[PDB]
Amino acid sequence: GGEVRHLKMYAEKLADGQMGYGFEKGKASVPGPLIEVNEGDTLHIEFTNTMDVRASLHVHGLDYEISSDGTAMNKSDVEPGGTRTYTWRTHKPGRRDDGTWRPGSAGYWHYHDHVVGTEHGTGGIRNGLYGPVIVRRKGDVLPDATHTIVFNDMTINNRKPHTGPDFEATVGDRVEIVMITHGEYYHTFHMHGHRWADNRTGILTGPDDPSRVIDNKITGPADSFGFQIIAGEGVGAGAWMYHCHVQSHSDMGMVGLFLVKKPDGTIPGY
């Protein structure tokens, strides 16, 4: 509100047929790196496609002009080997001249390829071309740690079945989760031991906020949400599961651990 940030991104081929984004060449990951801005910021992303097929960057939520939408149709993708600057903007909330209220960009969002495999990025998303974006409102509560969980088709973060990811915290830590879904299937995200408000920030504003407090939520492709929890609050340390609650999904491997440790670094049991 409002810095003009410059940033580079690269799409790259990875082991085992995966593809991923990174801020630095040679350092792509699945999921892609978190991009975090404040409302009012502008972001110029100089994106380079280092792969042998056309590729792009498409973002949810943020204000971009049509030349930055990442589609073939608007000639907004990038040749093998090529480079292009995308521009994303964000805006603060406020009253319009007509007296109505402009929302503001703040929320939990995401970016992904829109052109690998099909004109809807089906091959790209499947291979790992997705990552999270957070836009903070002035005065939002900031966490001690942020974790990204993406349910992509039947995987978490494109991992093999039953291999996490796992995430560590300590009783009392303010932990932020960004939850994105991609692919063909619906899922239900569930965490043991912890709960959040079903609203923008995942936190209740005060006693007048009527939002449902939940610990389970249905999600479908390209849905994103986020929340903050206090690790172990009222429940203590432990190896706390998170998983998809669709029964065959969890049985086939969509399960991870939210390892909450005591101040001395132990977990009771595990």
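From 1 onward, residues are counted along the sequence shown.
- Legend: mean Cα B-factor per stretch from the PDB entry, 65 to 73 versus 212 to 220; the higher mean is in 65 to 73.
- Look at the C-alpha B-factors of 97 to 105 and of 192 to 200. On average they run higher in 97 to 105.
- Comparing C-alpha B-factors across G124, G131, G81, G183 in the deposited entry, the largest value falls on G81.
- Ranked by Cα temperature factor within the chain, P31 sits in the lowest third according to the deposited record.
- When the modelled residues of the chain are ordered by C-alpha B-factor, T118 sits in the middle third.
- Among the modelled residues of its chain, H187 has a C-alpha B-factor that falls in the lowest third according to the deposited record.
- Per-chain ranking of the deposited C-alpha B factor places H112 in the lowest third.
- When all modelled residues of the chain are sorted by CA temperature factor, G40 is found within the middle third.
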